[PDB]
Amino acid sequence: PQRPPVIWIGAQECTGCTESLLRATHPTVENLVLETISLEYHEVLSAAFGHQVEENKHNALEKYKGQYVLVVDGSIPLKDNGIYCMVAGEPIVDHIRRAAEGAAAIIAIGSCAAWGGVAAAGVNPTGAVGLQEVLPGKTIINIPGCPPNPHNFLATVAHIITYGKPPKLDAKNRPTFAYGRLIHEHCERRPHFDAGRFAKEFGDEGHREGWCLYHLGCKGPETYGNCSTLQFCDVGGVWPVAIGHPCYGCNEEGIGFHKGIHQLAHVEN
(Lines of atoms letter the chains of each structure in order from A and count residues from 1; the text may use other names and numbers.)
(Lines give C-alpha, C1' and ligand atoms only; values in the text may rest on other atoms or scores of the structure.)
Protein backbone atom coordinates (compact mmCIF):
# COMPACT_ATOMS: atom_id res chain seq x y z
CA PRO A 1 0.00 0.00 0.00
CA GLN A 2 0.99 3.60 -0.65
CA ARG A 3 2.13 5.94 2.12
CA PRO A 4 1.21 9.65 2.28
CA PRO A 5 3.98 11.90 0.88
CA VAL A 6 5.76 14.56 2.92
CA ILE A 7 8.15 17.19 1.58
CA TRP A 8 10.43 18.79 4.16
CA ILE A 9 12.22 22.06 3.40
CA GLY A 10 14.89 23.58 5.64
CA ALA A 11 15.30 27.35 5.58
CA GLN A 12 17.20 29.18 8.36
CA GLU A 13 17.24 26.19 10.70
CA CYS A 14 19.60 24.66 13.25
CA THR A 15 18.30 21.15 12.41
CA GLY A 16 16.95 20.70 15.96
CA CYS A 17 13.46 20.13 14.61
CA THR A 18 14.65 17.26 12.37
CA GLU A 19 16.72 15.92 15.27
CA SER A 20 13.62 15.82 17.46
CA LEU A 21 12.31 13.00 15.23
CA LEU A 22 15.26 10.89 16.40
CA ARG A 23 13.88 11.02 19.96
CA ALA A 24 10.31 10.14 18.94
CA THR A 25 8.78 6.82 20.04
CA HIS A 26 5.26 6.83 18.59
CA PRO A 27 6.21 6.57 15.86
CA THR A 28 9.98 6.14 15.99
CA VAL A 29 11.79 7.73 13.05
CA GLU A 30 12.33 4.36 11.36
CA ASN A 31 8.65 3.44 11.62
CA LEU A 32 7.80 6.95 10.45
CA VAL A 33 9.83 6.82 7.25
CA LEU A 34 9.18 3.15 6.42
CA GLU A 35 5.58 2.65 7.55
CA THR A 36 3.63 5.83 8.27
CA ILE A 37 4.68 8.34 5.61
CA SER A 38 6.71 8.54 2.46
CA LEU A 39 9.39 11.11 3.20
CA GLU A 40 9.94 12.17 -0.42
CA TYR A 41 12.49 14.90 0.30
CA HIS A 42 14.64 15.63 3.33
CA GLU A 43 18.19 16.90 2.93
CA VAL A 44 19.44 15.48 6.24
CA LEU A 45 18.48 11.85 5.51
CA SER A 46 18.39 11.56 1.70
CA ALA A 47 20.71 9.04 0.07
CA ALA A 48 20.66 11.17 -3.08
CA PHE A 49 22.57 14.45 -3.19
CA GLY A 50 23.11 17.39 -5.56
CA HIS A 51 21.38 17.12 -8.93
CA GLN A 52 19.73 13.81 -7.98
CA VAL A 53 18.04 15.09 -4.83
CA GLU A 54 16.59 18.13 -6.60
CA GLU A 55 15.40 15.66 -9.24
CA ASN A 56 13.67 13.79 -6.40
CA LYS A 57 12.02 17.01 -5.23
CA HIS A 58 10.74 18.02 -8.67
CA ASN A 59 9.48 14.49 -9.29
CA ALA A 60 7.70 14.51 -5.92
CA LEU A 61 6.14 17.96 -6.34
CA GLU A 62 4.65 16.89 -9.69
CA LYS A 63 3.72 13.28 -8.86
CA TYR A 64 1.96 14.16 -5.60
CA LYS A 65 0.56 17.59 -6.49
CA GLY A 66 -2.42 18.35 -4.27
CA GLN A 67 -1.59 15.48 -1.92
CA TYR A 68 1.70 16.07 -0.10
CA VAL A 69 2.20 17.62 3.31
CA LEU A 70 4.76 20.40 3.06
CA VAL A 71 6.82 20.94 6.20
CA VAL A 72 9.03 23.99 6.61
CA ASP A 73 11.71 24.20 9.25
CA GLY A 74 13.52 27.50 9.93
CA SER A 75 12.90 31.21 9.38
CA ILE A 76 12.84 32.92 5.98
CA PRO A 77 15.23 35.86 5.56
CA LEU A 78 13.72 38.85 3.71
CA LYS A 79 16.71 41.20 3.86
CA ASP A 80 18.67 41.87 0.66
CA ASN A 81 16.31 39.92 -1.60
CA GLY A 82 16.62 36.53 0.10
CA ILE A 83 20.35 35.91 -0.30
CA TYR A 84 20.92 34.88 3.34
CA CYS A 85 19.59 31.40 2.55
CA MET A 86 20.32 30.05 -0.93
CA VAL A 87 19.92 26.40 -1.91
CA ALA A 88 20.90 25.15 -5.37
CA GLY A 89 21.60 28.77 -6.29
CA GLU A 90 18.13 30.10 -5.47
CA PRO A 91 16.70 31.94 -2.43
CA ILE A 92 14.91 29.49 -0.15
CA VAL A 93 11.78 31.64 -0.34
CA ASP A 94 11.42 30.66 -4.00
CA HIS A 95 11.69 26.95 -3.21
CA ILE A 96 9.05 27.37 -0.52
CA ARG A 97 6.59 29.36 -2.64
CA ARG A 98 6.80 26.80 -5.44
CA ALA A 99 6.27 23.86 -3.08
CA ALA A 100 3.39 25.60 -1.30
CA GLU A 101 1.40 25.80 -4.54
CA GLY A 102 0.65 22.08 -4.66
CA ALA A 103 0.56 21.27 -0.94
CA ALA A 104 -2.48 19.58 0.64
CA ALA A 105 -1.40 20.92 4.04
CA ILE A 106 1.46 23.15 5.16
CA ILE A 107 3.12 22.91 8.56
CA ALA A 108 5.56 25.36 10.09
CA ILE A 109 7.54 23.26 12.54
CA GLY A 110 9.48 25.06 15.26
CA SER A 111 9.36 28.64 16.54
CA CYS A 112 11.57 29.89 13.68
CA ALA A 113 9.12 28.83 10.98
CA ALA A 114 6.16 29.69 13.20
CA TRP A 115 7.12 33.26 14.07
CA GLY A 116 10.77 34.02 13.27
CA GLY A 117 12.26 32.45 16.38
CA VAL A 118 15.83 33.00 17.48
CA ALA A 119 16.96 34.05 14.00
CA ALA A 120 14.57 37.01 14.11
CA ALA A 121 15.64 38.08 17.62
CA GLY A 122 17.76 41.08 18.57
CA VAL A 123 18.42 43.42 15.67
CA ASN A 124 17.42 40.57 13.31
CA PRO A 125 20.49 40.66 10.99
CA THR A 126 18.81 38.86 8.06
CA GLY A 127 15.25 40.15 8.32
CA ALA A 128 14.06 36.66 9.24
CA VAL A 129 10.30 36.03 9.35
CA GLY A 130 7.86 33.15 9.91
CA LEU A 131 6.25 31.04 7.19
CA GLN A 132 2.79 32.65 7.31
CA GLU A 133 4.33 36.01 6.40
CA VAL A 134 5.83 34.46 3.24
CA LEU A 135 2.59 32.67 2.27
CA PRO A 136 -0.12 35.23 3.17
CA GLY A 137 -2.90 33.49 1.22
CA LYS A 138 -2.29 30.05 2.70
CA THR A 139 -3.49 28.28 5.85
CA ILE A 140 -0.38 27.42 7.84
CA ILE A 141 -0.42 25.02 10.80
CA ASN A 142 2.01 26.30 13.42
CA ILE A 143 3.84 23.90 15.74
CA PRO A 144 6.15 26.12 17.79
CA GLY A 145 8.90 25.23 20.23
CA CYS A 146 12.66 25.18 19.90
CA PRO A 147 12.24 22.36 19.09
CA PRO A 148 8.69 21.17 19.86
CA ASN A 149 8.14 17.69 21.27
CA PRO A 150 8.25 15.67 18.04
CA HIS A 151 4.83 14.18 18.80
CA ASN A 152 3.23 17.62 18.59
CA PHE A 153 4.20 17.34 14.93
CA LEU A 154 3.62 13.59 14.48
CA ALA A 155 0.12 13.58 16.02
CA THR A 156 -0.83 16.54 13.82
CA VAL A 157 0.28 14.62 10.73
CA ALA A 158 -1.48 11.51 12.02
CA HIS A 159 -4.73 13.47 12.41
CA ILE A 160 -4.51 14.60 8.78
CA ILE A 161 -3.77 11.04 7.65
CA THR A 162 -6.31 9.18 9.82
CA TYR A 163 -9.30 11.53 9.85
CA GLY A 164 -8.57 13.52 6.69
CA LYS A 165 -8.40 17.01 8.22
CA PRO A 166 -6.08 19.01 10.47
CA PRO A 167 -6.59 18.89 14.24
CA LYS A 168 -8.52 21.73 15.91
CA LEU A 169 -6.43 24.91 15.91
CA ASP A 170 -6.37 28.04 18.07
CA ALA A 171 -6.41 31.64 16.86
CA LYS A 172 -2.68 31.39 16.05
CA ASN A 173 -3.26 28.18 14.04
CA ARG A 174 -1.59 26.02 16.71
CA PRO A 175 -3.15 22.60 17.44
CA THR A 176 -5.20 22.86 20.61
CA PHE A 177 -4.21 19.42 21.93
CA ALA A 178 -0.65 20.73 22.33
CA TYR A 179 -0.90 24.53 22.61
CA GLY A 180 -4.40 25.15 23.91
CA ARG A 181 -3.37 26.05 27.48
CA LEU A 182 -0.69 28.09 29.27
CA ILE A 183 2.03 25.98 30.83
CA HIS A 184 1.35 27.78 34.15
CA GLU A 185 -2.30 26.74 33.90
CA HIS A 186 -1.30 23.07 33.99
CA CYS A 187 1.96 23.06 35.96
CA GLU A 188 2.64 20.67 38.83
CA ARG A 189 4.48 23.41 40.76
CA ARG A 190 1.42 25.67 40.83
CA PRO A 191 0.74 24.77 44.47
CA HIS A 192 4.15 26.21 45.37
CA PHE A 193 3.44 29.37 43.38
CA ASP A 194 0.09 29.74 45.19
CA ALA A 195 1.71 29.30 48.61
CA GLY A 196 4.65 31.62 47.95
CA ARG A 197 7.18 28.78 47.94
CA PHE A 198 9.81 29.98 45.46
CA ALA A 199 13.37 29.09 44.56
CA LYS A 200 15.50 32.26 44.61
CA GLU A 201 18.87 30.90 43.43
CA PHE A 202 19.92 27.62 41.84
CA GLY A 203 21.03 25.28 44.61
CA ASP A 204 19.15 27.04 47.40
CA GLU A 205 16.82 25.28 49.83
CA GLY A 206 13.61 25.94 47.91
CA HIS A 207 15.20 24.94 44.62
CA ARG A 208 16.37 21.69 46.21
CA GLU A 209 12.80 21.00 47.34
CA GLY A 210 11.31 21.41 43.85
CA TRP A 211 9.49 24.67 44.53
CA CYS A 212 8.13 27.08 41.91
CA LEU A 213 10.67 28.71 39.58
CA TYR A 214 8.77 31.99 38.95
CA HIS A 215 11.39 34.17 40.65
CA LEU A 216 14.17 32.51 38.67
CA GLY A 217 12.41 33.88 35.57
CA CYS A 218 9.91 31.18 34.66
CA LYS A 219 7.94 32.14 31.56
CA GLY A 220 5.26 29.48 32.08
CA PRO A 221 2.68 32.21 32.97
CA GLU A 222 2.86 33.64 29.44
CA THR A 223 3.73 30.57 27.31
CA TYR A 224 1.24 28.22 25.59
CA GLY A 225 2.29 24.58 25.30
CA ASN A 226 2.20 21.08 26.72
CA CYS A 227 5.66 20.95 28.26
CA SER A 228 4.35 20.26 31.75
CA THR A 229 2.12 17.37 30.66
CA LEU A 230 3.46 15.72 27.52
CA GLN A 231 6.94 16.74 28.62
CA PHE A 232 9.91 15.40 26.63
CA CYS A 233 11.54 12.17 25.51
CA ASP A 234 8.86 9.82 26.91
CA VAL A 235 10.86 8.62 29.95
CA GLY A 236 8.69 10.40 32.50
CA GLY A 237 9.24 13.58 34.47
CA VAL A 238 11.51 15.33 31.96
CA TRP A 239 10.92 18.98 31.09
CA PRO A 240 12.96 22.08 31.90
CA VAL A 241 11.09 23.04 35.09
CA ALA A 242 11.14 19.46 36.42
CA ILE A 243 14.90 19.42 35.88
CA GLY A 244 15.23 22.65 37.86
CA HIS A 245 15.36 25.46 35.26
CA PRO A 246 12.66 28.04 34.50
CA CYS A 247 10.71 27.96 31.25
CA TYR A 248 12.33 30.47 28.84
CA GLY A 249 9.20 30.82 26.72
CA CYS A 250 10.75 29.32 23.59
CA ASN A 251 7.27 28.46 22.21
CA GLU A 252 6.04 32.02 22.43
CA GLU A 253 6.67 35.01 20.16
CA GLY A 254 8.16 37.97 22.02
CA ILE A 255 9.07 35.88 25.08
CA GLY A 256 11.68 33.30 24.11
CA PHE A 257 14.92 34.91 22.86
CA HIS A 258 13.61 38.35 23.82
CA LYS A 259 13.18 38.32 27.60
CA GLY A 260 16.22 37.55 29.73
CA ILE A 261 16.41 34.13 31.40
CA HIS A 262 16.00 35.67 34.84
CA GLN A 263 13.64 38.48 33.80
CA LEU A 264 10.30 37.89 35.52
CA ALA A 265 7.16 37.02 33.56
CA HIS A 266 5.40 40.21 34.74
CA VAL A 267 8.43 42.33 33.85
CA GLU A 268 8.28 43.81 30.36
CA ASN A 269 11.45 45.92 30.38
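We number the residues from 1 along the sequence you see.
If you take the mean CA temperature factor per stretch, which one wins between 138-146 and 95-103?
Result of the comparison: 95-103.
Mean Cα B factor from the PDB record: higher for 197-205, or higher for 240-248?
Taking the mean C-alpha B-factor of 197-205 and of 240-248, the larger value falls to 197-205.
Among 230, 32, 212, 60, which residue carries the highest C-alpha B-factor recorded in the PDB entry?
Highest CA B-factor of the listed options: 60.
I'd like to know which of 81, 152, 111, 176 has the highest C-alpha temperature factor in the PDB entry.
The listed residue with the largest C-alpha B-factor is 81.
Where does residue 191 sit by CA temperature factor within its chain: lowest, middle or highest third?
Answer is lowest: the recorded C-alpha B-factor places it there.
How does residue 216 rank on Cα B-factor within its chain, lowest, middle or highest third?
Within its chain, residue 216 is a lowest-third residue by C-alpha B-factor, going by the deposited values.
Consider only the C-alpha atoms of the modelled residues in this chain, order them by B-factor as the entry records it, and name the third containing residue 157: lowest, middle or highest.
Its C-alpha B-factor, which the entry lists for residue 157, ranks in the middle third among residues of this chain.
Based on the entry's values, in what third of the chain does the Cα temperature factor of residue 118 lie: lowest, middle or highest?
Bottom third by C-alpha B-factor.
Lowest, middle or highest third: which one holds residue 183 when the chain's residues are ordered by CA B-factor from the entry?
Tercile = lowest for this residue's CA B-factor.
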